[PDB]
Amino acid sequence: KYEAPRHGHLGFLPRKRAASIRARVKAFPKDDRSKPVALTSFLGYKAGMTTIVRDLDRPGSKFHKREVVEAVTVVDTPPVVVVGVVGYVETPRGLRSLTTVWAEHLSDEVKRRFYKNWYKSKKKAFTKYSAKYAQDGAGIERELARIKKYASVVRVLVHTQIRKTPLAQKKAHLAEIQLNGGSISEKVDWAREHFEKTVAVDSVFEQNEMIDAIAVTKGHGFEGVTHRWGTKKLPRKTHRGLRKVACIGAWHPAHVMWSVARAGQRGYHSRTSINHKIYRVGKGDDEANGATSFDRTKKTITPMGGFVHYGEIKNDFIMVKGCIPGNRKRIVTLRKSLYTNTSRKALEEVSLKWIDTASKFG
RNA sequence: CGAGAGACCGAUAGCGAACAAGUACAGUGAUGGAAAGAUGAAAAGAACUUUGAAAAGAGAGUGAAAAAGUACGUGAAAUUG
RNA sequence: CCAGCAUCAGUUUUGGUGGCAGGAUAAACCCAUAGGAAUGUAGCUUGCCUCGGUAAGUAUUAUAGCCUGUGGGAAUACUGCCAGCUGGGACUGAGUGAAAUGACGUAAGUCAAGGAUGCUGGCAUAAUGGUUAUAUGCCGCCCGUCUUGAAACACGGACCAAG
RNA sequence: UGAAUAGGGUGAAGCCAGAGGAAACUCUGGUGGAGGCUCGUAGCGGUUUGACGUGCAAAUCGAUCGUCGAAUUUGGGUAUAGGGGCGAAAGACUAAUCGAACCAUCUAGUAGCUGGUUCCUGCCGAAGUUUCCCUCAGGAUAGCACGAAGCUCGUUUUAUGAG
RNA sequence: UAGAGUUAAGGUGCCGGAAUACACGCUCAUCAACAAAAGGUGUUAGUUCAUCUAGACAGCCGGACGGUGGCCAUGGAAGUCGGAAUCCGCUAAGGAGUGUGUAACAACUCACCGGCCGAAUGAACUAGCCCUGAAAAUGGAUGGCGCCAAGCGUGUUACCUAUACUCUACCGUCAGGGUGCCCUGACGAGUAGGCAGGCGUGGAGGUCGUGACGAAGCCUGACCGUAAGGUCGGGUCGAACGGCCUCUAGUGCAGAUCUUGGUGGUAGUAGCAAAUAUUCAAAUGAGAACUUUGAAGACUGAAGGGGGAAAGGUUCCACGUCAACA
RNA sequence: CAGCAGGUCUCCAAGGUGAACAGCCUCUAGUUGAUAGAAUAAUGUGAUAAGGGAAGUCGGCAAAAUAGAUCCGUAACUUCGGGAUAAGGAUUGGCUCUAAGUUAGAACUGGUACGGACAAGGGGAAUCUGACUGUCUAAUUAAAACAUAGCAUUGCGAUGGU
RNA sequence: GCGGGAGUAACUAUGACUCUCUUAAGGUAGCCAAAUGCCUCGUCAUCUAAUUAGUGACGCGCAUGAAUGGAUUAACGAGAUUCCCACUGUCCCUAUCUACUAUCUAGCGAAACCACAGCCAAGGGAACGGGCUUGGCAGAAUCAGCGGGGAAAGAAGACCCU
RNA sequence: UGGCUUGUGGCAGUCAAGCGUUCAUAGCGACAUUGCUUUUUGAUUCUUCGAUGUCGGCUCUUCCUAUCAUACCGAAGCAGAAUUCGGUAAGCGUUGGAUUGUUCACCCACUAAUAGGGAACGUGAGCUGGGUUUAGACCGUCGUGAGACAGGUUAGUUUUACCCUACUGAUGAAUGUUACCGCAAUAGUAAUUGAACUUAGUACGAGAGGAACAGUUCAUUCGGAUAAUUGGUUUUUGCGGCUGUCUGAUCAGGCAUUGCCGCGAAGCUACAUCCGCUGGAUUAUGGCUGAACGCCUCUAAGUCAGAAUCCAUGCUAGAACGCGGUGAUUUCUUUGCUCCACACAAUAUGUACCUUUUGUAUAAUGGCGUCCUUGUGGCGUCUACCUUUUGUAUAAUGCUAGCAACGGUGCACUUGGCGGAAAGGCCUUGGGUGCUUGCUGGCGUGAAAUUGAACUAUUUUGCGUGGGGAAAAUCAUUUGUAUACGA
């Protein structure tokens, strides 16, 4: 009953498909016990990268404040629209509300979405898009919600506004998003001014915190043991056992556990990557790219031309030094970081020195 | 070749074979060699009518009975509604 | 027709409770009186040191050990009784209606003998109004053959018919 | 005894000429003939590697490798049949069988060894021990109870013999 | 062979029926649950003795004396190396010495012993509960829950307890008294094996009885009770077979990698025949990618062109069919 | 046995390119088989590439260097029949011109490269045995086994030896 | 078919030569640690980041020796080791793209093939239990995957004795 | 082979005399033994012939620490530092080559440095087949010999599709429904080290030397993220060279020889880019007040400081963990009106105690009688939950109707308000229903109309009847960073 060393990550079991295109995360990043109102996460779309030629954050370096080449995902963040701020409190059973406080006017892309009109799946009943529901009487009793003592974290059901980013569809992408803030009272009080229609981007993301890069990754294949775990080939490479593996079980006992080196789905969950440090926030048009060299390929920010398989960016973006899962077209969900490691390098803006602009190709 | 009988069978028995069993077949080849019986008194083995394309499905006649209809005794089960 | 099980009245056998007694014996749950040996508690007096106590006298306040003499108590190992009370096995008898072997008692009769059940149950050959889906709960490891020894992870059936 | 090797490279031996040499060596050209000379196809042989083995042939298929005017390859006719035929040898070879072909009969040869083997109840029910064997998974005999007919103890008291 | 009457071996906190009982006791560690040499201020009892108001013992506090460096091992020996004498001193204590210290002096402490204090303390010897010695790999792993009494000894009490024990009847063969058989003794778990008894097929001397106004059989129901398998009854048959009375044979099935065949199984799963592109339109028709025809392309041309012998023998051909069969 | 990826004597010989009968490619001339469409995982089946240059695996197995024509230049030693294409270097086609008609000599330019499809040698240094060519285990042993031209003794006068 | 025991040279160290026993009587030319060596990482030089191969000898021959022959000695090979030059997907180091299928579908239609049953940890035990004792755990309609057990597809084991 | 013992023996405790400068234990240890144990190395036929296939390594699937290195501590016959030794404690890290078949044997270059033990050593239906059970041929050694050997050499079979389970991915369905997502009662997880800037030329020393402790950065290596300044691939779509033949020829265009061969960018990726440590519980050990026990000291009362691991932070998830709301008439075993009145069929706090008949959860469990076979047949009427105990509706006056008094006590529970904020609760005005105590009167006597019937109180479900009311989608066409198919 031996062991051979840990080639590949064990605990992505089961390797379940992330059906919904936007990433979810049950364990949300807990409160900013500093900022009086925030959100927990936000929204993005994966677009492309640039080489930010700047200078180091770590100030005591041997080559301190030199020229530094760096990755950056420049993800488009249009602000999300509220349907209603749901006032989750407690009861003596559990995490149960009392009322929501609706928004009056929603967006336009609420037409096609609020349903589950898809084949081999359940509906919803005729809870369609909004008429004019509970907000008038509901807005005052969320004050009385904290007076219960039985009171929990108040949240807000949101939807996107799409075309603004170059993707042309008008059926919105849904999610609930938790409201953070100072205390339970404050994430209710200041969130009354949030449900009006649209929220702020800058409430959750302060410039130069960190931002944990969760999104939905690509489904690579039905990947075998070589790529999915990390086995080799045998150098004889004949017969049956080329890209196979050896042991799955063991003689004594016959019954093993969930470590075994088999084939199946790779990637494609709502997989969480850790503290990618936020570079800058730029609202409109600032940085460019497009340089005629081989580096890595096919995602170009305002060159001569545009991006391939996305569209040219004329919106409002947030720049994360690092990355975030998906590929082109894929809609992402940027969660914030609860444990912010390094000291916040805010107040002033971070350096942009110069950047190229030409073709990307020949 | 004929007759008679024995505590001597009634289609897995016994002569290879009860019946077109050496004949649709197989092996160069004296040879091996299976499937395989069946109405009634009289065949009268269904005219005629009606539906469907033939198959198939219903009324009507013949005859002692059609609760005998041609693949024609009695009929069980896996199989199979 | 055997076992379980049977109206209603009377009785045996075996053991105990509770009340009582004999064999045989006297300690006790607790039993008198006289003389001598002993020595505990309360109260008083006296002496000495010290603020807290102690020693001696106290038969002259009240009471006892252990022995001797005299006198008086004394329910039970074993064994039987009461059917007061309490639980059962076991026997006799009931329209009409026998024969043989008995006892004691009576103007009476009972015990004891000796003559005679009813339905299913296991299941091979001549039964009750019957086949049977079937909760819940408890018991619960099936052969022909070898060997001291296989439900066993020894051999040997889809299933039916021929031999 | 009949049929088959296109194409392509060299050339001793024999014989002559020309320059040169005392003479012979040397030395320059032509004429010419013997090849396991020699080279590539026909005919013809089998080193490596992958896929098959319930599939196309009862040892198969793909990629890859050898020889050829010599100890050359091949067809047809005809002859040799089991202790014989036959050998540069490997009992290779003979109808997928060859260390003695195959077919049929005597033959249902035989198996001191192993396995399998068909109603029930009742009466009633042991033994794994031995003298002994060219004798050992056996069996003559003896120990113990089968079956059937007719009949058969000891508890313990006096001593005697032996560690 | 069955229900009662009484109890063994052994159990009662709980899984799972029965004391969370009673009395006394060490110990409370979850002891209970392996282990020696060898060892211990847990903690209790008995016996003997040193020791004690004749001032036990501890802590704290002193005198550390004169002879004197006693003497002697030895290079040196110094109380302080080895070995012997064994005191005086001052006669209310200091030995010719308990321990440390420097080669050693130099330095220091004290049983012996002094001074405060004022009651039971201490060595042996014996016994018990504890306690130290004790490491290995899949999930409690020295119990599931867990228990500090729901542990254990000693003494006691209550409840539970073998078809045996035990009551009485019943089943099996045989004996005696007296037939017909009844009373009735002793035993009855069971494999080989023998005997007895009972059920059994084909067949038969016998054969009358039953039968076409409904025989064997098929199929289905009732269906006695000793394990063996057989009588009656219902739907139905269209000719066969038993009273009586006894004799005879190829005479009872679960099995040797067996035997005669169908049917199951993997399974409607794989296979569906060596990688020389196929696209589009028509004729005919019930049905057309396939026959057949046209347009167009892949493809080979020392053969996909041409063509004789062995061997086979009418398979060519035209006519004619779509069933079995590809 | 088979409507099986098979065994199976044996006939005839055009064009231009490359010796012939390789290859190349059209004629005379013939034809894609007794099932089919769409996507095109894991896994088994084809090629490309940075940097390194043997470091890896029983295993240079696998994989790489190189290649023609013509000229120069080149190693021990012989059974004198030999080794040589050793090593070490240099250049091509095409077109013009030499000559109004093999072939070779002069002359000019360009590209990644003149054999441009196709096609076409790795070399240096030390060492064994059977002389050479040849025979071989039919379903797990291609060799040092045995033969080989040649040589000797012995049987042995053939009416031999056998 | 082709010997033993004993004694013996300056000096560490050795036995030329000599004697004695035994038997029918005791070997030359030339070579050695083997397809044969117990003893032996023997003993020495050179090579190697270590290097016993390459190549240089040592003598310490368990047990070399001339016709089913020593020995001279050139050519030839799908046969056998090492050093040396250029170098290499074998590996470092894996990625990417491509042909065909898997996924999925139609048709007709295999294969040997028939145990009640299908958790694990501890415990007893025909002796390594999903199956038996306790305790923890364990639902069904469905498809694609992958090589660990049970021990597959199969033949009365290959060792081993009669 | 498995079992057994530990033979042959390994390890430790350790008798501790010796000997190391004095000196039983810094160290060395005569002489050996006791317990443990299963490793050197084997005793035994206990259990096995219708299989019990070998070694070193590649690859991938565990657990323990008889402990090499990382956290924490103490001591020396140790000057700091080099050197020497012992305790708490299993989360993680644990090299590259050469000799040799080969770990053993035996050597080198570094590096922070290169552990121990078991587990069918994962381990031939994943893998090599060098190591490892037969068959060409030769030598040594032995026997009369065919031939043999406890001695060596040369060639000489790894077949195929996993029945059941382990098991890794993807869909389909269960207390109205439900697109969409947060709790953390729980499940899976991640992990290491060095150098340099710099601390400091300070501590301490004869001399070589150079400690405590900070702030700062980065390089080996792993996983997840990874598509821009890198490195390459890109048959898709474009660009360079050579041969033959056809389309009538020239020519303009094609098939064909891998993408013919020669050179880029879609589409992907690394040889590459980005990122990564909170609170709680306690041990060795040291003290703190103070014992057991006049002094004393960490423990009996009393009371604190305190370790990688432990344990949680950080991320995934069938209330036993995808929480659960707004707003409202579902994919789906399956019947399906948004209304609500009457009637009917069965079950229940542990569904008791128990027992006979082919047939008891069940009345044995008001009282009395006309009828009346009679210990029969037949006819008529009916009084909670919950609690106490001998038991428990427990309840003594022939029945029924009417009236009066003490003037209290119980329950359901509307209307009206306040407040908790899901456990939904109470109180009181108007209103509704029932009960205590005492007295008095009557008991004759008849129809309308209709029928199949219940352990029918209660609760759940269903049918019949009746009056005012009423709405989402499945398919499929076409596509994605959605991709295996699904979702």
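Considering region A:277-288 alone, what residues qualify as being surrounded by 14 or more Cβ atoms within 10 Å (Cβ to Cβ), of a type outside the set (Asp, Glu) and closer than 19 Å to residue A:78 by Cα?
Correct list: A:278, A:279, A:280, A:281, A:282.
Quick one: would you say residue A:353 is touching a residue at least 60 places away in the same chain (Cβ under 8 Å) and closer than 26 Å to residue A:179 by Cβ?
Answer is no for this residue.
Can you tell me how many residues in region A:231-269 are within 25 Å of the chain's Cα centre (by Cα) and either more than 6 Å from RNA strand H (Cβ to nearest atom) or β-branched (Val, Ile, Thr) (or both)?
2
Under 7 Å between Cβ atoms, which residue pairs at least 6 apart in sequence (or on different chains) link something in region A:107-124 that is at positive phi with a partner that is among the hydrophobic types (A, V, I, L, M, F, W, C)?
none
Out of region A:189-243, which residues are among the aromatic types (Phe, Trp, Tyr) and near RNA strand F (Cβ under 7 Å from one of its atoms)?
Listed by number, the list holds a single entry, A:222.
Can you find even one residue in region A:137-145 that is not acidic (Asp, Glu) and not in a loop (DSSP other than H, G, I, E, B)?
no
What are the residues in region A:224-255 that are more than 6 Å from RNA strand G (Cβ to nearest atom) and of a type in the set (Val, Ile, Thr), if any?
Once the filter is applied, which keeps residues that are more than 6 Å from RNA strand G (Cβ to nearest atom) and of a type in the set (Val, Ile, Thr), region A:224-255 yields A:226, A:231, A:238.
Residues are listed down the side, and each one gets a yes or a no for (1) on the phi > 0 side of the Ramachandran plot; (2) surrounded by fewer than 14 Cβ atoms within 10 Å (Cβ to Cβ):
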residue: A:270; (1), (2): no, no
residue: A:290; (1), (2): yes, no
residue: A:296; (1), (2): no, yes
residue: A:309; (1), (2): yes, yes
residue: A:318; (1), (2): no, no
residue: A:321; (1), (2): no, no
residue: A:330; (1), (2): no, no
residue: A:343; (1), (2): no, yes
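State which residue pairs qualify: first residue farther than 16 Å from residue A:6 by Cβ and inside region A:239-251, second residue within 16 Å of RNA strand D (Cβ to nearest atom) and aliphatic (A, V, I, L, M) in any location, beta carbons under 8 Å apart, and separation of 6 or more residues or different chains.
Close Cβ pairs satisfying both conditions: A:241/A:234; A:242/A:234.
Which residues, counting only those in region A:198-220, are within 13 Å of RNA strand G (Cβ to nearest atom) and in contact with a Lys or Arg (Cβ under 7 Å, 6 or more places away or on another chain)?
A:220
Inspect all residues belonging to region A:43-57 and state whether any of them is farther than 30 Å from residue A:144 by Cβ, in contact with a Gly (Cβ under 7 Å, 6 or more places away or on another chain) and surrounded by fewer than 21 Cβ atoms within 10 Å (Cβ to Cβ).
The answer is no; no qualifying residue exists.
Please identify the pairs in which a residue from region A:254-270 that is over 12 Å from residue A:223 (Cβ atoms) has its Cβ atom under 6 Å from the Cβ atom of a residue that is within 16 Å of RNA strand D (Cβ to nearest atom), counting only partners at least 6 apart or on another chain.
Matching pairs, first to second residue: none at all.
Testing residue A:228 on (1) within 16 Å of RNA strand E (Cβ to nearest atom); (2) under 31 Å from the mean Cα position of the chain (by Cα), one condition comes back false. Which one is that?
All conditions are met except number (1).
Test each condition in (1) assigned to a loop (DSSP other than H, G, I, E, B); (2) under 30 Å from residue A:19 (Cβ atoms); (3) away from RNA strand D (no atom under 16 Å from the Cβ) for residue A:243 and report the one that comes out false.
So the condition that residue A:243 fails would be (3).
Scanning for something near RNA strand F (Cβ under 9 Å from one of its atoms), out of contact with any strand residue (DSSP E or B) (no Cβ under 6 Å at 6 or more places or on another chain) and either acidic (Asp, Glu) or assigned to a loop (DSSP other than H, G, I, E, B) (or both), does region A:267-285 turn up at least one residue?
no
Taking the options A:135, A:161, name whichever one is under 17 Å from the mean Cα position of the chain (by Cα) and either within 16 Å of RNA strand G (Cβ to nearest atom) or over 30 Å from residue A:347 (Cβ atoms) (or both).
Going through A:135, A:161 in turn, just one is under 17 Å from the mean Cα position of the chain (by Cα) and either within 16 Å of RNA strand G (Cβ to nearest atom) or over 30 Å from residue A:347 (Cβ atoms) (or both): A:161.
Taking residue A:348 as meeting all but one of (1) touching a residue at least 60 places away in the same chain (Cβ under 8 Å); (2) under 23 Å from residue A:200 (Cα atoms), write down the number of the exception.
If we test residue A:348 against (1) touching a residue at least 60 places away in the same chain (Cβ under 8 Å); (2) under 23 Å from residue A:200 (Cα atoms), just (1) comes out false.
Considering only region A:142-166, how many residues are near RNA strand H (Cβ under 10 Å from one of its atoms) and loosely packed, with under 15 Cβ neighbours inside 10 Å?
Of the residues in region A:142-166, 5 are near RNA strand H (Cβ under 10 Å from one of its atoms) and loosely packed, with under 15 Cβ neighbours inside 10 Å.
Could you look through region A:5-42, keep only residues that are free of Cβ contacts under 8 Å to residues at least 40 places away in the same chain and closer than 20 Å to residue A:258 by Cβ, and pick out the one that is farthest from RNA strand F (Cβ to nearest atom)?
Looking at residues that are free of Cβ contacts under 8 Å to residues at least 40 places away in the same chain and closer than 20 Å to residue A:258 by Cβ, I get A:11.
Mind telling me which of the residues A:170, A:187 ends up being in contact (Cβ under 8 Å) with a residue 40 or more places away in the chain, crowded, with 21+ Cβ neighbours inside 10 Å and more than 7 Å from RNA strand H (Cβ to nearest atom)?
The match here is A:187.
Note: ideal-geometry Cβ built from the backbone for every residue, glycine included; neighbour counts use all protein chains shown. Laboratory data are not the source of any read-out in this text; all were calculated from the coordinates shown.
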